[PDB]
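Everything on this sheet refers to the single structure shown next.
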Amino acid sequence: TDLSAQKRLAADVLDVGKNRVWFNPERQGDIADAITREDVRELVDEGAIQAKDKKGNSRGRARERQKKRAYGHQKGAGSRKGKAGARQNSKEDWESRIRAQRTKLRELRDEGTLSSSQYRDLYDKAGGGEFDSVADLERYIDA
Amino acid sequence: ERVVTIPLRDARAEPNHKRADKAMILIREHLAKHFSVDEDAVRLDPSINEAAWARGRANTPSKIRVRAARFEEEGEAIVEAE
Amino acid sequence: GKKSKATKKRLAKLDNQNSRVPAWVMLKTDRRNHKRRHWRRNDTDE
Amino acid sequence: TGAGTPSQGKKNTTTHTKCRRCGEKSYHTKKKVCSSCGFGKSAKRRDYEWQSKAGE
Amino acid sequence: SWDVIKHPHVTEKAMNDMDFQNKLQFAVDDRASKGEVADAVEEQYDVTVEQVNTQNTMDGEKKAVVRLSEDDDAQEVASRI
RNA sequence: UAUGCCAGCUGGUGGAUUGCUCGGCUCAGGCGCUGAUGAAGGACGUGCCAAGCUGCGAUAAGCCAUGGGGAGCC
RNA sequence: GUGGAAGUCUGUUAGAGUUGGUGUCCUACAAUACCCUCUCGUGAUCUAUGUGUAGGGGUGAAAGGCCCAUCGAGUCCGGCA
RNA sequence: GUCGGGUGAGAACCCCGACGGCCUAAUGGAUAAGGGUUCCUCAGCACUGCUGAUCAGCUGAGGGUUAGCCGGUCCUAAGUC
RNA sequence: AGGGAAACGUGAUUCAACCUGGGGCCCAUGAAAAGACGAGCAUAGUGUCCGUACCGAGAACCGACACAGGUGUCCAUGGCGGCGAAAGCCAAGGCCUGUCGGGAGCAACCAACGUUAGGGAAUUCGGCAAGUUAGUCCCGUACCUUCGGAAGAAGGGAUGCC
RNA sequence: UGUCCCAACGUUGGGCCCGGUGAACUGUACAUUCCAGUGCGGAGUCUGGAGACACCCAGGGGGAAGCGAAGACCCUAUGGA
Ligand SMILES: [Cl-]
Ligand SMILES: [Cl-]
Ligand SMILES: [Mg+2]
Ligand SMILES: [Mg+2]
Ligand SMILES: [Mg+2]
Ligand SMILES: [Mg+2]
Ligand SMILES: [Mg+2]
Ligand SMILES: [Mg+2]
Ligand SMILES: [Mg+2]
Ligand SMILES: [Mg+2]
Ligand SMILES: [Mg+2]
Ligand SMILES: [Mg+2]
Ligand SMILES: [Mg+2]
Ligand SMILES: [Mg+2]
Ligand SMILES: [Mg+2]
Ligand code: NA
Ligand code: NA
Ligand code: NA
Ligand code: NA
Ligand code: NA
Ligand code: NA
Ligand code: NA
Ligand code: NA
Ligand code: NA
Ligand code: NA
Ligand code: NA
Ligand SMILES: [Sr+2]
Ligand SMILES: [Sr+2]
Ligand SMILES: [Sr+2]
Ligand SMILES: [Sr+2]
Ligand SMILES: [Sr+2]
Ligand SMILES: [Sr+2]
Ligand SMILES: [Sr+2]
Ligand SMILES: [Sr+2]
Ligand SMILES: [Sr+2]
Ligand SMILES: [Sr+2]
Ligand SMILES: [Sr+2]
Ligand SMILES: [Sr+2]
Ligand SMILES: [Sr+2]
Ligand SMILES: [Sr+2]
Ligand SMILES: [Sr+2]
Ligand SMILES: [Sr+2]
Ligand SMILES: [Sr+2]
Ligand SMILES: [Sr+2]
Ligand SMILES: [Sr+2]
Ligand SMILES: [Sr+2]
Ligand SMILES: [Sr+2]
Ligand SMILES: [Sr+2]
Ligand SMILES: [Sr+2]
Ligand SMILES: [Sr+2]
Ligand SMILES: [Sr+2]
Ligand SMILES: [Sr+2]
Ligand SMILES: [Sr+2]
Ligand SMILES: [Sr+2]
Ligand SMILES: [Sr+2]
C-alpha cells in the first residue's frame, strides 16, 4: 500500500501540514481505497485520519526573566552585550525628557503659577538643556 | 520465557554518533545466542527500541533488562522491555 | 515564460509527435520512433 | 568568476527563435532579423556562394 | 469553410459539468469566439446558451465549456448523440 | 599437481570474406523558365486505428469530366 | 547640550569581493570547485531587465584586459587540396 | 536513522506508526526568466536512477490549464524598424 | 454572509504596511506619454481576443549529467536570545534524496579535528600554520599631527545568581 | 603557543574484509632479478659472475633515464605574427 497521495488530500481537508496528519496503522487498507476528498472526509469522521496538534514554544522561562529585569535585576555589566547608546537611544531619551519638561512648564503656565515671561525664561533654558529632569526643573523653580 | 540483562558496552566500538544503532544489533545477537535461535528470528518489541534510543543516537544505556520468550515450530523469540 | 498561441500550437505538435509507433505498424511491416524526445535530455526549437 | 561553467548559469535570455519565413530557429527576436534566411533584413532570400565549394 | 463545433469533449470532468452544472463541453475551431460558439450550439441542438468559457488546449485545439439555461437539460442533450 | 605457456577442438563474441544490389558516380541525347490570377519555400492540419515518409488542403493519402484500363481495390 | 555630516569606522544584515593556507581537489562535485582566514559593505556602491557600440573594429580607472571555455586582432564558411 | 507493520514472486532505501534526527533569508511560502507536459490518475519495471526497487522527473494509456475587474492587450523610456 | 468542535473576547504597549508633515544636500537637479479628475443619478445591454498545468533548483533553468557551480524578485515583524535581519536553541512549514549498504576497539597510512609535561620561535627564507586577545562599563591613555586625528593607543579594574 | 626540542594519546571520515554496482590512464615483444663490465659514453633483455620454487595480500614509492604534452630554453628556416 502507498498512501502518500491520501496524505496530501488529508492535509488539505484537515487544513494542516502533511507532517501533522496521522493515519491509523490498522486501517491502511481502508485509507488505500480512499480516492476522493469525500473518501478522506469520511475516514476523518471515523477517526481513522486525524491531525496531530502543533507545538507552541513555552514562554514561562521568559516571563520569569522579564519580571526580574522589570524589577531591575539581571542587567549587571556581565549581562550587557550592546553598547550603552544601543541599550538606550540618546536622541530618543532627550525627546522623552525635553517633552516632559515642556509639558510641565506648559501646565504651570495655564495654571497661573508662571507668568508668560517666567515661563519663557524657563522654556528657553530647558531647550538649552539646563534641567536634567522634571524634578530638577521643579527644584529650580522653587528658587 | 525469561528475563535477561544485556550488556551494551561493545557498542563503544562503533563511532559515537551511531551507538544506538549498534546497540539494537548487540541486543538481537545476544538473544539469538542465549535463546539458541537465528538472529533473523528474533523480534524486538518497539519498547526496546525506545529504551536504547532514549538519549538520542549517540547515548546508549550501559545495559538493559529484557524479557524474552522462545517458541513456535521454526524456533523464534519475542522480546520486550521490563 | 509566456507562450503565445502560435508557440503553444507548436509545442502541442511536438508533444503529439513524441509518441510510440503503433503496434499494428509493427505487424504490418513485420518489424522505432527516431524522433522520440525527452523534455529534459533534449531541447526543442524556438 | 570563471568564463567557463560558472558563467554559463547566467544564460537565460531568448534570442534566436523559429522564423516565420523559413522555419529555422534563427529569427533573432531582439534584432528581428533571421540569421538563416535574411527575413527582416532583405526581401530577397539570404544566400552566398561560399556556402559551397567554389567549383560546385 | 471551417465549422465552429468539431465534436463533443467527453471525459470524467466533462460529465460532472454536465450532471452538476448543466454544462456541455466541446472541441471547437480555435478561430471561433465565445459568441460564435454560443450561436453554433443553439443552432445545432436548439437550446439557450447562458455562458461560454474557452481554453486553447495543449492538444492544439480549443475547448469550450457551454452552460445551458435552466430551461434545457444537458444530460438529455448529450444523450441524443 | 595449482597460477600458467604454445597449438588445436566444440561453443561464443565480432562482422572480415565471398556472393547479391532498390543507391551512387560519370557520360550522352532531349528539354527548359516560375510569380500579385500570390510563386518557390515554410508552418499547421488532414487517415477507422496513424509516430515517420509520401500525398493532399477544412471538399485535406483526396472531388469532377473525357479517353485508357480492368476485377479487383483501400 | 542639541544636531547628525561622512567616496567615515565596526559589522559572514542583504549584497559584493578574494590576502594567506602555496590547506582540500587535481581521470574533480567542478574544463576555475570546497573549507577556514581575509576585504568592501551610503557610494567613483552593488544588482535585474531592456537598450546601444562589431573585428584592424568595439570596449578598456590600461592588465594587451574584455568582445559567449579561444584575443599581441573573435567566430563561421569560403579562397583551399 | 532504528523497531514494529503494510504491499509484493521479491523490500536497508515504496508506504503506515512509533522512537531518533536535519533545515529557519532556508532544505519553508509565492514567483520572473528559462524549460515544455516534467502536472494528475491507472497499469508497469526491459530502459533511465551512483546499490536495490513493488518507487519515480522512467515506460504504457488516459486525463488536466475555464477570467469584463490577475497579466497581456493600451502609453510612452533608452532606443529600433 | 462566511468560517469554527467550541468560545465566537476586551483593554494596552511597541508599532512593518499605508497616510501626512518638518529639516538638510547638489560645480550631481533626480522620465515621458496614454489615461484620470474637473463633470449627477436609474434601469438595461455589452465587455470579444491571447496567457493560465507544473518546476523554479544540492534532480524540471544554463553548465554534455538527476553537476557541491551559476541563476532575478518578495515573504526583513514567528518565540528565547542579544545592539542586531549576528551566533546558538525552538515553532509554523518542509525533509531523512547535499540517496549504496554490511563488518572488524576498526592495524599502517591520509583528510579534518580534540588534548598535550617542561622549555617557549630554539623551527622556518619568513611565527607559514596554529594560537594569544576578545562582548559591555568604569578609570586611564604617549610620540606625532594637515588639529580632523593618532585612540578601542597603551595600561588598570569590574562583570553571575538571589 | 606542539613551529621546534620529540613526539604521544584521542575524535570523525576513509583506508582493510563482505554484498551490489563498476570505469579510466597505459600496453613492440620478452620480462624472477642483483653486481660489474660492454655498448651511440646513463642496460631487467648484450658479456661474465652472483642470486632465483610458484602464486597471492597490504605498503611506502628506489628503478623502468615511469605516465601525461611532436621542448616552452637554444639554434636553424631566403617560416608566421
Ligand atoms: Cl500572467
Ligand atoms: Cl516636525
Ligand atoms: Mg503507483
Ligand atoms: Mg546625539
Ligand atoms: Mg548525530
Ligand atoms: Mg501524453
Ligand atoms: Mg481565457
Ligand atoms: Mg545591463
Ligand atoms: Mg543529488
Ligand atoms: Mg606543552
Ligand atoms: Mg635553523
Ligand atoms: Mg598567520
Ligand atoms: Mg617539437
Ligand atoms: Mg624565445
Ligand atoms: Mg614577421
Ligand atoms: Na529541455
Ligand atoms: Na480532436
Ligand atoms: Na527540360
Ligand atoms: Na502515419
Ligand atoms: Na556642537
Ligand atoms: Na584567498
Ligand atoms: Na580581425
Ligand atoms: Na527578537
Ligand atoms: Na537509495
Ligand atoms: Na598537535
Ligand atoms: Na617506484
Ligand atoms: Sr540539463
Ligand atoms: Sr575583477
Ligand atoms: Sr563559482
Ligand atoms: Sr540572465
Ligand atoms: Sr531591416
Ligand atoms: Sr546571394
Ligand atoms: Sr493530451
Ligand atoms: Sr564606508
Ligand atoms: Sr565593514
Ligand atoms: Sr599563493
Ligand atoms: Sr587551516
Ligand atoms: Sr585547480
Ligand atoms: Sr546605517
Ligand atoms: Sr572567451
Ligand atoms: Sr580550406
Ligand atoms: Sr526484475
Ligand atoms: Sr509526480
Ligand atoms: Sr509612531
Ligand atoms: Sr498556478
Ligand atoms: Sr522557492
Ligand atoms: Sr543552487
Ligand atoms: Sr516542525
Ligand atoms: Sr537510490
Ligand atoms: Sr581531558
Ligand atoms: Sr624566529
Ligand atoms: Sr632563527
Ligand atoms: Sr582591558
Ligand atoms: Sr645473463
Ligand atoms: Sr599505494
Side-chain angles (χ1 to χ4, degrees), chain C, chain E residues 1-45 47 49-68 74 77-78 81:
Chain C
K2 294 295 186 304
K3 65 182 82 66
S4 63
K5 190 182 194 179
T7 280
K8 198 163 166 192
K9 298 180 79 176
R10 285 185 228 113
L11 280 181
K13 184 176 180 60
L14 285 180
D15 177 61
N16 187 192
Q17 301 175 302
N18 205 182
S19 70
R20 187 90 191 194
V21 173
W24 64 263
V25 180
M26 312 276 259
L27 305 173
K28 187 166 188 172
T29 62
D30 300 305
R31 312 176 193 179
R32 260 202 178 195
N33 182 332
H34 306 123
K35 297 203 169 206
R36 267 159 195 152
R37 182 184 53 78
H38 184 56
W39 57 270
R40 201 171 200 169
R41 275 313 179 75
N42 288 290
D43 173 296
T44 70
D45 285 359
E46 304 161 44
Chain E
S1 172
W2 56 272
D3 328 292
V4 170
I5 293 177
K6 283 192 173 181
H7 66 81
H9 187 270
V10 49
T11 70
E12 320 93 299
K13 188 169 186 179
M15 303 306 270
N16 289 325
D17 271 25
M18 176 192 83
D19 293 311
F20 305 159
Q21 304 194 307
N22 207 47
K23 289 172 177 171
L24 292 176
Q25 281 180 28
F26 301 83
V28 308
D29 195 289
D30 53 296
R31 311 185 206 74
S33 68
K34 285 179 176 176
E36 305 179 311
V37 175
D39 299 335
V41 173
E42 299 189 312
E43 295 162 43
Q44 271 302 80
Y45 317 79
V47 306
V49 174
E50 286 302 301
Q51 180 178 301
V52 178
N53 286 236
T54 55
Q55 181 207 325
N56 280 300
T57 286
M58 280 306 296
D59 277 358
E61 304 197 74
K62 173 175 288 190
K63 187 172 69 181
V65 185
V66 187
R67 190 183 79 231
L68 308 174
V77 179
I81 39 179

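In what follows, chains are A, B, ... by sequence order, proteins preceding strands, each numbered from 1. Hydrogens, waters and symmetry mates are skipped; everything else that's a heavy atom, side chains included, is used.
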List, with distances to 0.1 Å, the donor-acceptor pairs found between chain E and chain C - the cut-off being under 3.5 Å and no angle criterion applied.
residue	atom	partner	partner atom	Å
E:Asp30	O	C:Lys5	NZ	2.8
E:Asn56	O	C:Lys8	NZ	2.5

| message | For a quick test of reading the model, state the closest non-hydrogen atom pair linking E:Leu68 to E:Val47 and the distance between them. | response | CD2-CG2, 3.5 Å

| request: Side-chain contact test, heavy atoms from C-beta onward, threshold under 4.5 Å: evaluate it for E:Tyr45 versus E:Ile81 and give yes or no. | output: yes

| said: Donor-acceptor pair, distance only, cut-off 3.5 Å: does the side chain of E:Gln51 make one with the backbone of E:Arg67? | reply: no

| query | With a 4.5 Å limit on heavy-atom distance, are the side chains of E:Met18 and E:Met15 in contact? | reply | yes

| query | Hey, does E:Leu24 have a side-chain heavy atom less than 4.5 Å from the side chain of E:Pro8? | reply | no

| said: I'd like to check E:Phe26 versus E:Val37 (side-chain heavy atoms, cut-off strictly below 4.5 Å). Are they in contact? | reply: no

